[PDB]
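*Asks:* Can you read through this structure? Questions will come right after.
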Amino acid sequence: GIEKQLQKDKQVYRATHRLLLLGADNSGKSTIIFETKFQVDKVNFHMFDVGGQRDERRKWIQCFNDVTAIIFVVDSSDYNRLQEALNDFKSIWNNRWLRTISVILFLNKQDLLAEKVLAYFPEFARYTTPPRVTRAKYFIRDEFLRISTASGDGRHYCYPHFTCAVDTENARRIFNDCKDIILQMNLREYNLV
Amino acid sequence: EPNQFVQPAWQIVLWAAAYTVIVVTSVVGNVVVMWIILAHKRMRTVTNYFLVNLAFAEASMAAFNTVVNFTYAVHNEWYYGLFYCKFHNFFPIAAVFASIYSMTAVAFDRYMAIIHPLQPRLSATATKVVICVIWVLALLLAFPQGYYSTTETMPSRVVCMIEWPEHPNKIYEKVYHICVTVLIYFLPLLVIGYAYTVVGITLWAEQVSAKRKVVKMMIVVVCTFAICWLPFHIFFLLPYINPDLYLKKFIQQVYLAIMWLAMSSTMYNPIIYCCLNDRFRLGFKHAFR
Amino acid sequence: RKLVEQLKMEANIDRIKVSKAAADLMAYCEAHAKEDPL
Amino acid sequence: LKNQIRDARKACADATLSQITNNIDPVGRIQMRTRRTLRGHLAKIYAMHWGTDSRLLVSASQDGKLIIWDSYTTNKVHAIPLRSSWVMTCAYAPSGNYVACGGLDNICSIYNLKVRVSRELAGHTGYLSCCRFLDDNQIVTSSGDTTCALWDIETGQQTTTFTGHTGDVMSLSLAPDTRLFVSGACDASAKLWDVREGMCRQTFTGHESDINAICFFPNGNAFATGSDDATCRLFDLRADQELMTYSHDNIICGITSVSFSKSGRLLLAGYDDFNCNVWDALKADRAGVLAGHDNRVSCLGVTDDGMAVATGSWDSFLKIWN
Amino acid sequence: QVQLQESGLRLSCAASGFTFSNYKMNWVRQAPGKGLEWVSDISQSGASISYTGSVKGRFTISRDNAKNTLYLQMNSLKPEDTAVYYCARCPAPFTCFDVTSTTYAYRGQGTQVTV
Amino acid sequence: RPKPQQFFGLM
């Protein structure tokens, strides 16, 4: 009964969506190795946070080639380590084995960013919103969006979000983004585009 | 005067050109689509199984049904005998029904893939089961016309026809024709229209233009299906309310017109696949070289 | 400083000439070519 | 002190390997085709190993499955669900009584095939990349924290630890005499270790990028290394230098797996260009092309008496070639 | 055996043991008391050049494939620029993750710069 | 069968 009992497991492998959680130490990605399973609209998402290995990540990240999406969490209030987050985003975006996986970008810690505004990048002065908090938020978002639209826009896309520490609708956003991520996959698989 | 429906030669030339164009376009497009999917080894996917089933049914439809029916409609004489009379009333009608049910299955795939993308697709064994059920009910629906088929020799005429059991009110053929008209026109038109309407409403509301092109494609598919398959069923339900219309040559002109209109829907799907997907365009360029 | 000790431990080894090693490799390759099904 | 090592290596270099194998008969074109195709895995295949009975093999996939295959009849003798979905290696015991696996969970899991789990070795820090059995009681593992270790399976404790690499260790290969082994890592270097002593013997630095695979020559006096610089290299333990370099002007992809044949004539190298090559070890010329995988070939293995070559790729399919 | 040797205002990085025209070359500082920070990068052919915003418009990075060396021309310096500088190479040719890492094997020993 | 002027169309 090896062949039959495997096949039902294939249904389980057709039932869940795998997610890769990435972020730095200052980013609150534990609030947004460890496995977290959550169900939205009777659809199971299974997120993995990896922290048991070293800081060299170029060899095990290839284990996440068939992942549905990469949730990348960025602490927006840290101006010192924002360039390191941008370099990490550029590395994940321009990887050879991650060139077909879309990234859901979560700009965490909005309240501390607003407090830092109301209380590094020389291009901020000649900037205009597409009211200082809105300009800072969209400058930080467009810093990642320039890397996202620099190359590889056809194979995969970016979905930015603005998130505070008391936000609860992140699973809603993950559901909607994964729904569009495969919807565009199914539109090309079914000979429609 | 010994036999009507003997058209002059120029009408036969015009109808021969008008039918030859659509049968060549239909069979070339369908076998190139089948070769593209089944030969490249990357298009051989669980998604495209209903596509090659639809293409095979449409090609068999176009070739056998249109050639034999045009030959039998030029002079109203049968050149094929009793066994081919039964085979023509059994198998190409089942090919028609299998093509319509395969198109309904493709519309079901599109509805399930677009409206519920996070849900997993049907299994390969489930796809083969649905193909088997479609062909079994197609042959089962086309069986009573091929069973009662017979040929008769009139003065200077040979005719193939379905010989129904004799009834004082012709109940059996009436029930069969109304049931086949319902199950072949009304149910798949409603199913495909509902699914394509929901999918078009979802997709309509860079990459927006491709979705709008898909919505325009589905509107074109539904409209051309309804227009191409209305007068076929109108004609085949006609003799049970006014059976005296078959005493003139106007009815063979009407039959030739409606059969061209019904069999011209075979050409539509390879052109649609060529227009939408660039991989099908590359396959069409590769097959023609 | 442990790398220097490791280098000093690995430096004092008997290094045979590369032609003899190539000849031994080719001789072992030729002596078992008949029983290689690939 | 490395200048004296390089000077001695230059002084011990008399003539090239290709000069010694210059006026010899080449093998020619190698034509191989798929005999058996195995399709029972959902996600990508990351690793495999052959049995010493040359009939049963084992395979590991990222879906969480470890399947023992009968290569003759394409039948599944055993299928084991794993507690961690990410496994990077698997080894099958020479006696056939045990199997092992490991991966991103940093545990070496050993299962009995009398199928029940038998032991869980937990002493490593980084991701466990390779493991090979010595006996039913000892096992040699390597992990991504720049370490290797020899373990006793009975007490579940590390017997010896090998700490000489400055990069994450990718592969290991065991000698047929079970007295030495080699390890290839992510610092463009390979190291030879003594099992009984527990110290490094010699260090080979000829590559330019991360070495992904390693395999002994059948006589135990040479090995081959594949890396991300699109070149393979053949080293000898006695000559202290790279004997051969297998390269091409049209290959720009990495190398995932290498293995040797029964006679050592053919080197079987798996690439990232969806295909494997069959190089000549003496002539340093490519002699065969195996192209049957639609994704990256992750693993490759040779039947112990040389009757078959089984490859596994990221297209979830195992293919046996003869 | 790869080797990167730094010297150094204009910093130089001499490369050996590997072909130079197929790798992207980076400059990375390390401040006293702080961690390793990426500074600049240049591609294989010298087309795509990127800097950190703290040194944008003040630093220049160039490569010489004929001499197989990497130059950083730095001027109008600041007291915050006192750091230990390394030239880094990421391992995959014709392509790059871990150049700013704690224990990286494909970067040199660096040079001290005090302003 | 009812008439020699009948058409007898088929599907």
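Just so we're on the same page: first chain in the structure tokens is A, next is B, and so on; residues restart at 1 for each chain, and ligands are numbered from 1 in the order they show up.
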Do you know which residues are at most 9 Å from residue 152 in chain D counting only C-alpha atoms, after dropping those on the same chain fewer than 4 positions away, and could you put them as JSON, numbers by chain?
*Replies:* {"D": [137, 138, 139, 156, 157, 158, 159]}
*Asks:* Got time to write the residues from that selection, N, CA, C and O atoms, as a PDB file, in the first residue's frame?
*Replies:*
ATOM      1  N   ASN D 137      27.767   0.719  13.298  1.00  0.00           N
ATOM      2  CA  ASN D 137      27.962   1.384  14.575  1.00  0.00           C
ATOM      3  C   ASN D 137      28.648   2.739  14.468  1.00  0.00           C
ATOM      4  O   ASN D 137      28.627   3.497  15.443  1.00  0.00           O
ATOM      5  N   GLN D 138      29.252   3.069  13.329  1.00  0.00           N
ATOM      6  CA  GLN D 138      29.956   4.332  13.160  1.00  0.00           C
ATOM      7  C   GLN D 138      29.493   5.023  11.887  1.00  0.00           C
ATOM      8  O   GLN D 138      29.155   4.371  10.896  1.00  0.00           O
ATOM      9  N   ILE D 139      29.484   6.357  11.920  1.00  0.00           N
ATOM     10  CA  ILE D 139      29.051   7.139  10.765  1.00  0.00           C
ATOM     11  C   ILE D 139      29.848   8.441  10.712  1.00  0.00           C
ATOM     12  O   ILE D 139      30.193   9.024  11.741  1.00  0.00           O
ATOM     13  N   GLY D 156      25.270   7.354  20.717  1.00  0.00           N
ATOM     14  CA  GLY D 156      24.767   8.607  20.178  1.00  0.00           C
ATOM     15  C   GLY D 156      25.629   9.808  20.499  1.00  0.00           C
ATOM     16  O   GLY D 156      25.103  10.910  20.696  1.00  0.00           O
ATOM     17  N   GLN D 157      26.945   9.623  20.553  1.00  0.00           N
ATOM     18  CA  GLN D 157      27.881  10.686  20.877  1.00  0.00           C
ATOM     19  C   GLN D 157      28.927  10.806  19.779  1.00  0.00           C
ATOM     20  O   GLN D 157      29.222   9.838  19.071  1.00  0.00           O
ATOM     21  N   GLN D 158      29.476  12.009  19.636  1.00  0.00           N
ATOM     22  CA  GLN D 158      30.564  12.229  18.695  1.00  0.00           C
ATOM     23  C   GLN D 158      31.827  11.536  19.188  1.00  0.00           C
ATOM     24  O   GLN D 158      32.240  11.720  20.338  1.00  0.00           O
ATOM     25  N   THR D 159      32.440  10.736  18.319  1.00  0.00           N
ATOM     26  CA  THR D 159      33.720  10.130  18.654  1.00  0.00           C
ATOM     27  C   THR D 159      34.875  11.075  18.342  1.00  0.00           C
ATOM     28  O   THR D 159      35.694  11.363  19.218  1.00  0.00           O
TER      29      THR D 159
END
*Asks:* What lies within 12 Å of residue 27 in chain C using only C-alpha atoms, ignoring chain neighbours under 6 positions off, as a PyMOL selection string?
*Replies:* (chain C and resi 20-21+33) or (chain D and resi 20-21+219+263-265+282)
*Asks:* Write the residues you've just listed into a file as a JSON list (two decimals), in the first residue's frame, and include N, CA, C and O atoms for each of them.
*Replies:*
[["chain", "number", "residue", "atom", "x", "y", "z"],
["C", 20, "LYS", "N", 55.06, 9.67, -12.11],
["C", 20, "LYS", "CA", 54.86, 8.34, -11.53],
["C", 20, "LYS", "C", 53.42, 8.13, -11.10],
["C", 20, "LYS", "O", 52.86, 7.05, -11.28],
["C", 21, "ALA", "N", 52.79, 9.17, -10.53],
["C", 21, "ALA", "CA", 51.39, 9.08, -10.14],
["C", 21, "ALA", "C", 50.48, 8.96, -11.36],
["C", 21, "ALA", "O", 49.50, 8.22, -11.33],
["C", 33, "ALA", "N", 39.89, -2.15, -17.41],
["C", 33, "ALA", "CA", 38.99, -1.66, -18.45],
["C", 33, "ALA", "C", 38.08, -2.75, -19.00],
["C", 33, "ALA", "O", 37.02, -2.44, -19.55],
["D", 20, "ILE", "N", 51.43, 12.11, -20.44],
["D", 20, "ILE", "CA", 51.52, 10.68, -20.20],
["D", 20, "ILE", "C", 50.41, 9.92, -20.91],
["D", 20, "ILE", "O", 50.59, 8.75, -21.28],
["D", 21, "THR", "N", 49.25, 10.55, -21.10],
["D", 21, "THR", "CA", 48.13, 9.95, -21.82],
["D", 21, "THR", "C", 47.91, 10.63, -23.17],
["D", 21, "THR", "O", 46.78, 10.84, -23.59],
["D", 219, "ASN", "N", 41.09, 3.40, -6.95],
["D", 219, "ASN", "CA", 42.28, 2.86, -6.30],
["D", 219, "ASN", "C", 42.58, 3.51, -4.95],
["D", 219, "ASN", "O", 43.46, 3.03, -4.23],
["D", 263, "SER", "N", 36.17, 1.34, -13.48],
["D", 263, "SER", "CA", 37.59, 1.41, -13.82],
["D", 263, "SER", "C", 38.19, 2.79, -13.60],
["D", 263, "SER", "O", 39.42, 2.92, -13.68],
["D", 264, "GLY", "N", 37.37, 3.80, -13.34],
["D", 264, "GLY", "CA", 37.86, 5.16, -13.22],
["D", 264, "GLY", "C", 38.14, 5.85, -14.53],
["D", 264, "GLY", "O", 38.74, 6.93, -14.53],
["D", 265, "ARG", "N", 37.74, 5.26, -15.66],
["D", 265, "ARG", "CA", 37.99, 5.88, -16.96],
["D", 265, "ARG", "C", 37.07, 7.07, -17.20],
["D", 265, "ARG", "O", 37.50, 8.10, -17.73],
["D", 282, "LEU", "N", 41.45, 10.38, -18.23],
["D", 282, "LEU", "CA", 42.84, 10.43, -18.68],
["D", 282, "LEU", "C", 43.05, 11.43, -19.81],
["D", 282, "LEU", "O", 44.02, 12.20, -19.78]]
*Asks:* So that each row is one residue of chain A with an atom at most 7 Å from chain E, can you give its shortest atom pair and the distance in Å to one decimal, using only C-alpha atoms, rows by chain and rising number, as a Markdown table?
*Replies:*
| residue | atom | partner | partner_atom | distance |
| --- | --- | --- | --- | --- |
| A:55 | CA | E:101 | CA | 6.8 |
| A:56 | CA | E:98 | CA | 5.8 |
| A:57 | CA | E:98 | CA | 6.9 |
| A:58 | CA | E:97 | CA | 5.8 |
| A:91 | CA | E:97 | CA | 5.9 |
| A:120 | CA | E:54 | CA | 5.7 |
| A:121 | CA | E:53 | CA | 5.2 |
| A:122 | CA | E:53 | CA | 6.3 |
*Asks:* Write the residues you've just listed into a file as a CSV table (one decimal), in the first residue's frame, and include N, CA, C and O atoms for each of them.
*Replies:*
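Output saved as selection37.csv:
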chain,number,residue,atom,x,y,z
A,55,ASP,N,25.4,32.9,9.2
A,55,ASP,CA,25.1,34.1,8.5
A,55,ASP,C,25.4,34.0,7.0
A,55,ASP,O,25.1,34.9,6.2
A,56,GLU,N,26.0,32.9,6.6
A,56,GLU,CA,26.2,32.6,5.2
A,56,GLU,C,25.0,31.9,4.6
A,56,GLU,O,24.7,30.7,5.0
A,57,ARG,N,24.3,32.5,3.7
A,57,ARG,CA,23.0,32.0,3.3
A,57,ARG,C,22.9,31.6,1.8
A,57,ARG,O,21.9,31.3,1.3
A,58,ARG,N,24.1,31.5,1.1
A,58,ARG,CA,24.1,31.3,-0.3
A,58,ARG,C,23.9,29.9,-0.7
A,58,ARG,O,23.7,29.6,-1.9
A,91,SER,N,19.8,41.3,-3.2
A,91,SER,CA,20.3,40.0,-3.3
A,91,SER,C,19.2,38.9,-3.5
A,91,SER,O,19.4,38.0,-4.4
A,120,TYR,N,21.6,60.2,5.5
A,120,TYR,CA,21.8,58.9,5.1
A,120,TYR,C,21.5,58.7,3.6
A,120,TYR,O,22.4,58.1,2.8
A,121,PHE,N,20.4,59.1,3.1
A,121,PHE,CA,20.0,59.1,1.7
A,121,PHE,C,19.9,60.5,1.2
A,121,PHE,O,19.0,61.3,1.6
A,122,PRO,N,20.9,61.0,0.4
A,122,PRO,CA,20.9,62.4,-0.1
A,122,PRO,C,19.9,62.7,-1.1
A,122,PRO,O,19.7,63.9,-1.4
*Asks:* Take CA of residue 51 in chain B and CA of residue 235 in chain B and report the distance between them in Å, one decimal.
*Replies:*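 Straight-line distance from CA of residue 51 in chain B to CA of residue 235 in chain B works out to 29.5 Å.
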*Asks:* Select residues of chain D: the criterion is any atom within 8 Å of an atom of chain E, counting only C-alpha atoms; output as a PyMOL selection string.
*Replies:* chain D and resi 166-167+187-189+205-210+228-229+252
*Asks:* Would you kindly return, as a PyMOL selection string, each protein, DNA or RNA residue with an atom no farther than 12 Å from any atom of residue 110 in chain E, considering only C-alpha atoms and excluding same-chain residues fewer than 4 positions away?
*Replies:* chain E and resi 3-8+11-14+27-31+36+83-88+106
*Asks:* Set the distance at 12 Å and use only C-alpha atoms: which residues neighbour residue 154 in chain A once local chain neighbours fewer than 3 positions away are removed? I'd like the list as a short mmCIF file (atom, residue, chain, number, x, y, z; two decimals) with N, CA and C atoms, in the first residue's frame.
*Replies:*
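out-v1.cif written:
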data_model
loop_
_atom_site.label_atom_id
_atom_site.label_comp_id
_atom_site.auth_asym_id
_atom_site.auth_seq_id
_atom_site.Cartn_x
_atom_site.Cartn_y
_atom_site.Cartn_z
N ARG A 99 14.56 33.95 -8.88
CA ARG A 99 14.13 34.86 -9.93
C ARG A 99 12.70 34.63 -10.38
N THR A 100 12.02 33.62 -9.84
CA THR A 100 10.64 33.33 -10.19
C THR A 100 9.71 33.35 -8.99
N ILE A 101 10.20 33.76 -7.82
CA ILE A 101 9.42 33.79 -6.59
C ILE A 101 9.14 35.24 -6.24
N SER A 102 7.87 35.56 -6.01
CA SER A 102 7.49 36.92 -5.68
C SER A 102 7.70 37.21 -4.20
N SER A 148 12.90 46.73 -7.30
CA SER A 148 11.93 45.78 -7.83
C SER A 148 11.66 45.99 -9.32
N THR A 149 11.59 47.24 -9.76
CA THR A 149 11.33 47.55 -11.16
C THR A 149 12.61 47.76 -11.97
N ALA A 150 13.78 47.59 -11.36
CA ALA A 150 15.03 47.69 -12.11
C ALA A 150 15.19 46.53 -13.08
N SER A 151 14.89 45.31 -12.64
CA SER A 151 15.03 44.13 -13.49
C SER A 151 14.11 43.04 -12.97
N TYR A 157 6.86 39.73 -9.10
CA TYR A 157 6.46 41.08 -8.74
C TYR A 157 6.63 41.29 -7.24
N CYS A 158 6.53 42.55 -6.83
CA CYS A 158 6.63 42.93 -5.43
C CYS A 158 5.31 43.53 -4.96
N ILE A 181 -0.56 36.04 -7.02
CA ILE A 181 0.78 35.52 -7.41
C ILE A 181 0.56 34.29 -8.25
N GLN A 184 -1.70 35.08 -11.67
CA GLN A 184 -0.84 35.37 -12.81
C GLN A 184 -0.08 34.13 -13.29
N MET A 185 0.18 33.17 -12.39
CA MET A 185 0.76 31.91 -12.83
C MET A 185 -0.24 31.08 -13.64
N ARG A 188 -0.90 32.27 -17.29
CA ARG A 188 0.11 31.87 -18.27
C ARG A 188 0.18 30.37 -18.46
N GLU B 206 0.06 47.60 -19.53
CA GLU B 206 0.89 46.62 -18.84
C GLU B 206 0.25 45.23 -18.88
N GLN B 207 -0.42 44.86 -17.79
CA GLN B 207 -1.07 43.56 -17.68
C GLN B 207 -2.59 43.63 -17.67
#
*Asks:* Using only C-alpha atoms, determine which residues lie at most 8 Å from residue 11 in chain F, disregarding the query and same-chain residues fewer than 6 positions distant; provide the list as a count of residues only.
*Replies:* 4
*Asks:* Using DSSP on the backbone coordinates, identify all residues within range 30-189 of chain A classified as alpha helix (DSSP H); present the result as a count of residues only.
*Replies:* 58
*Asks:* I'd like the neighbourhood of residue 5 in chain F as a PDB file with N, CA and C atoms, in the first residue's frame, where a residue qualifies if any of its atoms comes within 9 Å (using only C-alpha atoms), though same-chain residues fewer than 4 positions away should be ignored.
*Replies:*
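Dumped everything to out.pdb:
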ATOM      1  N   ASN B   3     -36.352  13.653 -60.490  1.00  0.00           N
ATOM      2  CA  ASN B   3     -35.779  13.884 -59.170  1.00  0.00           C
ATOM      3  C   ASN B   3     -35.330  15.334 -59.093  1.00  0.00           C
ATOM      4  N   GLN B   4     -35.777  16.045 -58.062  1.00  0.00           N
ATOM      5  CA  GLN B   4     -35.307  17.400 -57.821  1.00  0.00           C
ATOM      6  C   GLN B   4     -34.009  17.341 -57.016  1.00  0.00           C
ATOM      7  N   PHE B   5     -33.599  18.486 -56.463  1.00  0.00           N
ATOM      8  CA  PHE B   5     -32.327  18.713 -55.774  1.00  0.00           C
ATOM      9  C   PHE B   5     -31.113  18.439 -56.653  1.00  0.00           C
ATOM     10  N   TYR B 246     -40.083  20.450 -46.864  1.00  0.00           N
ATOM     11  CA  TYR B 246     -39.129  19.624 -47.595  1.00  0.00           C
ATOM     12  C   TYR B 246     -39.614  19.210 -48.974  1.00  0.00           C
ATOM     13  N   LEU B 247     -40.431  20.027 -49.630  1.00  0.00           N
ATOM     14  CA  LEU B 247     -40.863  19.754 -50.990  1.00  0.00           C
ATOM     15  C   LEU B 247     -40.276  20.731 -52.003  1.00  0.00           C
ATOM     16  N   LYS B 248     -39.235  21.479 -51.634  1.00  0.00           N
ATOM     17  CA  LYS B 248     -38.624  22.467 -52.512  1.00  0.00           C
ATOM     18  C   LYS B 248     -37.109  22.459 -52.337  1.00  0.00           C
TER      19      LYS B 248
END
*Asks:* Might you pull out every residue within 10 Å of residue 35 in chain C, with only C-alpha atoms counted and same-chain residues fewer than 3 positions away left off, and present them as a PyMOL selection string?
*Replies:* (chain C and resi 31-32+38) or (chain D and resi 262-263+305-306)
*Asks:* Report, in Å with one decimal, the straight-line distance from CA of residue 126 in chain D to CA of residue 168 in chain D.
*Replies:*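 These two atoms are separated by 8.3 Å.
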*Asks:* Quick check: residues of chain A within 9 Å of chain D, only C-alpha atoms, returned as a PyMOL selection string.
*Replies:* chain A and resi 2-3+6+10+13+33+50+52-54+56+59-60+63+66
*Asks:* As an exercise, work out the distance from CA of residue 147 in chain D to CA of residue 62 in chain A in Å and give it to one decimal place.
*Replies:*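 Answer for the CA of residue 147 in chain D to CA of residue 62 in chain A separation: 20.9 Å.
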*Asks:* Residues of chain B were defined as contacting chain A if any atom lay at most 8 Å from it, counting only C-alpha atoms; please report them as a VMD selection string.
*Replies:* chain B and resid 47 to 48 110 113 to 114 117 to 120 210 214 273 276 to 278
*Asks:* Please produce an output containing C-alpha atoms for each residue in the selection, written as an mmCIF file, in the first residue's frame.
*Replies:*
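Generated output (result.cif):
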data_model
loop_
_atom_site.group_PDB
_atom_site.id
_atom_site.type_symbol
_atom_site.label_atom_id
_atom_site.label_comp_id
_atom_site.auth_asym_id
_atom_site.auth_seq_id
_atom_site.Cartn_x
_atom_site.Cartn_y
_atom_site.Cartn_z
ATOM 1 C CA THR B 47 -4.229 21.256 -18.294
ATOM 2 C CA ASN B 48 -4.047 20.553 -22.043
ATOM 3 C CA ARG B 110 -10.796 28.286 -16.817
ATOM 4 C CA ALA B 113 -8.288 28.201 -12.360
ATOM 5 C CA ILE B 114 -9.225 31.903 -12.339
ATOM 6 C CA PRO B 117 -6.632 29.782 -7.973
ATOM 7 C CA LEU B 118 -5.441 28.726 -4.499
ATOM 8 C CA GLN B 119 -7.521 25.524 -4.780
ATOM 9 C CA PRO B 120 -5.646 22.611 -6.403
ATOM 10 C CA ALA B 210 -4.068 41.006 -21.575
ATOM 11 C CA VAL B 214 -9.117 37.449 -22.486
ATOM 12 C CA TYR B 273 -4.844 30.094 -29.400
ATOM 13 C CA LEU B 276 -3.600 34.824 -27.328
ATOM 14 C CA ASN B 277 -0.456 32.808 -26.588
ATOM 15 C CA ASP B 278 2.930 33.515 -28.169
#
*Asks:* Residues of chain C near chain D: apply a cut-off of 6 Å, count only C-alpha atoms, and supply the list as a list in words.
*Replies:*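 Close enough to count are residues 10, 15, 16, 17, 18, 19, 22, 29, 32, 33, 36 and 37 of chain C.
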*Asks:* Output the selection as a PDB file, in the first residue's frame - N, CA and C atoms for each residue.
*Replies:*
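File again_13.pdb, as written:
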ATOM      1  N   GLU C  10      51.697  19.723   7.469  1.00  0.00           N
ATOM      2  CA  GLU C  10      51.398  19.223   6.132  1.00  0.00           C
ATOM      3  C   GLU C  10      52.533  19.434   5.138  1.00  0.00           C
ATOM      4  N   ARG C  15      56.607  13.847  -1.233  1.00  0.00           N
ATOM      5  CA  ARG C  15      55.947  14.243  -2.472  1.00  0.00           C
ATOM      6  C   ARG C  15      56.621  13.530  -3.639  1.00  0.00           C
ATOM      7  N   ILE C  16      55.957  12.507  -4.163  1.00  0.00           N
ATOM      8  CA  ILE C  16      56.441  11.767  -5.317  1.00  0.00           C
ATOM      9  C   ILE C  16      56.120  12.584  -6.566  1.00  0.00           C
ATOM     10  N   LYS C  17      56.935  12.413  -7.611  1.00  0.00           N
ATOM     11  CA  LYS C  17      56.769  13.143  -8.861  1.00  0.00           C
ATOM     12  C   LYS C  17      55.450  12.790  -9.543  1.00  0.00           C
ATOM     13  N   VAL C  18      54.910  13.768 -10.275  1.00  0.00           N
ATOM     14  CA  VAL C  18      53.581  13.662 -10.868  1.00  0.00           C
ATOM     15  C   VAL C  18      53.541  12.646 -12.012  1.00  0.00           C
ATOM     16  N   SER C  19      54.678  12.394 -12.672  1.00  0.00           N
ATOM     17  CA  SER C  19      54.710  11.433 -13.772  1.00  0.00           C
ATOM     18  C   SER C  19      54.499  10.005 -13.275  1.00  0.00           C
ATOM     19  N   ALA C  22      50.807   9.688 -12.436  1.00  0.00           N
ATOM     20  CA  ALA C  22      50.049   9.573 -13.679  1.00  0.00           C
ATOM     21  C   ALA C  22      50.192   8.185 -14.291  1.00  0.00           C
ATOM     22  N   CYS C  29      43.860   2.207 -14.531  1.00  0.00           N
ATOM     23  CA  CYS C  29      42.749   2.382 -15.462  1.00  0.00           C
ATOM     24  C   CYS C  29      42.774   1.334 -16.568  1.00  0.00           C
ATOM     25  N   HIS C  32      41.813  -2.552 -15.498  1.00  0.00           N
ATOM     26  CA  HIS C  32      40.439  -2.888 -15.142  1.00  0.00           C
ATOM     27  C   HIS C  32      39.441  -2.399 -16.185  1.00  0.00           C
ATOM     28  N   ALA C  33      39.892  -2.145 -17.415  1.00  0.00           N
ATOM     29  CA  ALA C  33      38.991  -1.661 -18.452  1.00  0.00           C
ATOM     30  C   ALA C  33      38.084  -2.755 -18.997  1.00  0.00           C
ATOM     31  N   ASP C  36      34.640  -3.144 -16.878  1.00  0.00           N
ATOM     32  CA  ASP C  36      33.832  -1.949 -16.693  1.00  0.00           C
ATOM     33  C   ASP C  36      32.686  -1.983 -17.693  1.00  0.00           C
ATOM     34  N   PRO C  37      31.438  -2.177 -17.255  1.00  0.00           N
ATOM     35  CA  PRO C  37      30.330  -2.283 -18.218  1.00  0.00           C
ATOM     36  C   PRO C  37      29.925  -0.960 -18.841  1.00  0.00           C
TER      37      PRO C  37
END
